[PDB]
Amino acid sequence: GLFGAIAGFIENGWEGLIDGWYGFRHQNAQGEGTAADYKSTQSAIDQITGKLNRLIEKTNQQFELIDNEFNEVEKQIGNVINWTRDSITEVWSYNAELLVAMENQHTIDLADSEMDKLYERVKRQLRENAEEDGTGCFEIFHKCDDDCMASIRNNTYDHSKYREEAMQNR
């Protein structure tokens, strides 16, 4: 997509992540762990389901028969009708193809975008206590236990608490 995260600087996805769309996979003294970010997942899901509701819709326009399958109508008027219907088919076939392609491009860019927004949120939380790896990972320069990781995930992490020790470990 346009935001360079999914199939970009994040090399691939996690098949282990069944909990949500996006998430964190930490590593520390106490070992590895994985958890889903609700907020990002929900923002993508809601936007996508809102697309669906937009397209799953009731055309309340009724159309009647103008020709006859048992008793063919006069050939001249029959050919005008067929030509007109074929022309209309051409229009909707085009509309449906473009609609779905345009929508699919946007869906992919939107999911890519939410991944980027989450990534940048965390960068800002870990103001000077971390540095940017490049593969979608943050190398944390102070000691951050499982308790400390949950603080980052739940948006409660205090940068000024661990600053000096991480700052010095530069």
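All residue numbers refer to positions in the sequence shown, first residue = 1. Take the two forms, find the largest set of C-alpha atoms that superpose within 1.5 Å, and that set is the rigid core.
- The stretch that moves more in 5 other deposited structures of this protein, judged by CA deviation after a rigid core superposition and choosing between 121 to 129 and 55 to 63, is 55 to 63.
- Look at the mean CA B-factor for 69 to 77 and for 90 to 98 in the entry; the higher one is 69 to 77.
- 141 to 149 and 57 to 65 differ in mean CA B-factor, and the higher of the two is recorded for 141 to 149.
- Comparing the C-alpha B-factors of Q47, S113, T41, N28 in the entry, the top value falls on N28.
- Among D37, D109, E131, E120, the highest C-alpha B-factor recorded in the PDB entry belongs to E131.
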